[PDB]
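Included below are structure tokens for two forms of one protein chain, each presented in isolation as structure 1 and structure 2.
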Structure 1
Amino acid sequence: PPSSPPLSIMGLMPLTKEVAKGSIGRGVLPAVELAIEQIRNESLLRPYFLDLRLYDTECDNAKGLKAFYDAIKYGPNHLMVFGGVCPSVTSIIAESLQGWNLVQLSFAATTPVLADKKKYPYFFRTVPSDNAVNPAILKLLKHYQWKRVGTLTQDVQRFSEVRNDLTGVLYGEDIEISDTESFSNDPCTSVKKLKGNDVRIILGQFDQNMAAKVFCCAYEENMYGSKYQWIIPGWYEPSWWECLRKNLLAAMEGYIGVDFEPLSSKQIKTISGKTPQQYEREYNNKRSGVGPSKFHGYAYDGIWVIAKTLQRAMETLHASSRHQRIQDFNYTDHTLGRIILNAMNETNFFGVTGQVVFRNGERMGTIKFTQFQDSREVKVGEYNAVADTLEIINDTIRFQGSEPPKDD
């Protein structure tokens, strides 16, 4: 309707075909379109409508910052930020939010430092962060009775922060970190030290490029097979591996990968009235000139978070004043920013990625366990953060020995 006022949202993401990460932005847009379509058809925000404006960050610090500045200068009066995919771009935007009283919701930035509420107070994310693997690993360790672990960490912020977070997760839990090892560019010296300390269960935190070097050092040190269990990040690209390949594969056999779960396994009706499976089919039908994105469900639920936040932000008997305050917004109103921040903090619904709820701006979600089995990563379990429960899939997880390895 012409009389239907907009509730403007600043969409920031890589979209261009010129950048590799443009595929993420383009890949989530069908999910975003489906959420917007249904919210409008339902007139959930009546008499208003959700006005999502898109700005290309091009996954670049300079272009992302100017896209944000140009959105402020020349775009409509945005009430919140939706997006931030590339960690460095997301950080630049997220730390500056307070200057414009803007609440931000990301569906793809997983780096741990964004959990810092002193630095990023106005930042929220629907996607479980890199630190979210730690409470899941704790449950996995308890499950297989592994009470002694060693750590191998690449001396880079995103990895050292996950490792530092681990100490706090394991405290009061009866799990010993018998050996802590760190490396910059060569893990071999650190792998040799772990072998020398008789570490059997290894918790790794390093990038995709370093993973091949780590497994090559494990191969050279014979730190693989029935006596060892490597637990590393599960967010690497599919077939990231493709040392001689056969020797690398021997060392990699049975490693456990840990990452977020893209979509809920539960066949329950979500807030949209659709099950995660029905949503997945609708998503694959809507997308046309784009490959699927693993963050699509997080983007979809992200639009629902914005809609529910806005609905809550308008729930007052001081209706005309609240509507006037929204209409008047020009980045200077601390009160409206606070109303929106508090409304988002109250989020609690069942989404396509599972129960959507925040703990200090961080998603309480689902973590997926995979195991490397003959050049394929097989899903072996799920950990639910809200319930703090681990479900291991029957007849999936396998061990090279007659029994799982002993921690000593």
Structure 2
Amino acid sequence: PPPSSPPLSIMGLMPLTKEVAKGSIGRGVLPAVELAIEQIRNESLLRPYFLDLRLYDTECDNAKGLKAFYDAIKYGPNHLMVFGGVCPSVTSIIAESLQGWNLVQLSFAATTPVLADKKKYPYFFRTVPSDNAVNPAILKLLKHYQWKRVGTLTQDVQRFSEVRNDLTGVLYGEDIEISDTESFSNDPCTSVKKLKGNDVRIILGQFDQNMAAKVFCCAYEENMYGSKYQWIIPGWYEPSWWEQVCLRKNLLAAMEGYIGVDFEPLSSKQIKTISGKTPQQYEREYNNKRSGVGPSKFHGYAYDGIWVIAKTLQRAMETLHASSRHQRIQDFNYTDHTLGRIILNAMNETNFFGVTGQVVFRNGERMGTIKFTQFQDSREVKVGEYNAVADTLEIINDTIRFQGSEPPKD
């Protein structure tokens, strides 16, 4: 469509191959990416330039990821910034080498708590809230229900370890005490026995879905369920995770009432976003584009990530026209330190309303919203939301319920 216009090239890094489990995120977010790019092209928002997104398959592999990045630099056009990075290890290797290349990176799916280190990854940004974002939200929930004595059950895996350790920092001046800290790698039954021995009533769990069935099976035999107990665990599990299989009836008896915590895929506010669409109008539109592609909960973040990139380039263009004798953006060979500086500062100024809510960074980290769910009878039900920017907890009244006439005591 754009004949005389120079391209603003972006290096899209993600697993796209069907030969890799995580390639579904890449493929699932592609319709959202195309929707933001079609509108940017139709209305020519980068006039007289155009958005040139180039895609490179990381294949969710460390070696392959690094080769795709280097091949993109060597034989590809002049990329102004990096868009993507899904698998934690692949994103960490690439992000480590950005400053040397004058390349600002924006990820929509890499949730690892590790990438928060702006001493190691100074040129890395992300629209998606990190795994640690659940902690301030959890802290707000505990104070709301006067649960000042908790116990923690963590899986001995980096993903979960990093979240549990960040929790120690979050609870500093807070009137909350972790009367018990338990760990496990293969079997949680021993740690659950210990929590019951220590008389723990409110449990903060950090483990995968396979381990969750084991935890709830142990909880049943140890009587750690019902009216006197409250489990707070990851909300990102698969709809029928428990159906994938103690007996299944006992597993459900121990599951009943548990609270799920995860990031909110899309905002519930009916406000017009930066695109000029509401999060609900974008969702229906996204659903027509996918055409059975399968849904990714990171689609909203990817859509917003493209809008962050376009607004960053719009700001970068304004700055360059203000600085005489050097405004040839299309010419950026990775040498320009000043160009990277301008892009970096322009992304740090991001503050707009996206499909995933208010898009704001705090040292390259997203200030987003956290979703609270509860397992009632046969499915998880949305029981509230946490706003990171405002530090606001809003519990949907007449949804969250307890086994007794009132919430359990700590």
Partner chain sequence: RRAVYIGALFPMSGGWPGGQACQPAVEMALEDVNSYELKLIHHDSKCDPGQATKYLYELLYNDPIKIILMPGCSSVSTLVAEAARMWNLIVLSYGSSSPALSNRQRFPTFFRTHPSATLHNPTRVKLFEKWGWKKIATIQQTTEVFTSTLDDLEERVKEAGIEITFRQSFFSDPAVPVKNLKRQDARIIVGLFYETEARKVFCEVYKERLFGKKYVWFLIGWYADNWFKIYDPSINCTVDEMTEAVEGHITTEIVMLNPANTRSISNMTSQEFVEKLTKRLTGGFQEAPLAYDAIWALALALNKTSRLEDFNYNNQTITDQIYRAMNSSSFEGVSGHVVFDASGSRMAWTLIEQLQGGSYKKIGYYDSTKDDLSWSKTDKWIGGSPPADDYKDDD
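Under this definition, the rigid core comprises the largest set of C-alpha atoms superposing within 1.5 Å between the forms. For residue numbers, the reference is structure 1: its sequence is counted from 1.
- Here the chain coming from the form deposited with the partner chain bound is structure 1, while structure 2 comes from the other form.
- Following superposition on the rigid core between structure 1 and structure 2, the residue from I326, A307, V199, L140 with a C-alpha displacement of 2 angstroms or more is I326, and no other.
- A movement of the C-alpha atom of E18 reaching 2 angstroms or beyond is seen between structure 1 and structure 2 when the two forms are aligned on their rigid core.
- Here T316 counts as shifted, since its C-alpha moves by at least 2 Å between structure 1 and structure 2 after the core is aligned.
- Once both forms are fitted on their rigid core, the CA atom of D60 lies 2 Å or more apart between structure 1 and structure 2.
- Taking the core as reference, the Cα of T110 moves 1.0 angstrom between structure 1 and structure 2.
- Core-based alignment between structure 1 and structure 2 gives a C-alpha movement of 4.6 Å at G289.
- In the rigid-core superposition between structure 1 and structure 2, residue position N345 carries a C-alpha shift of 1.0 Å.
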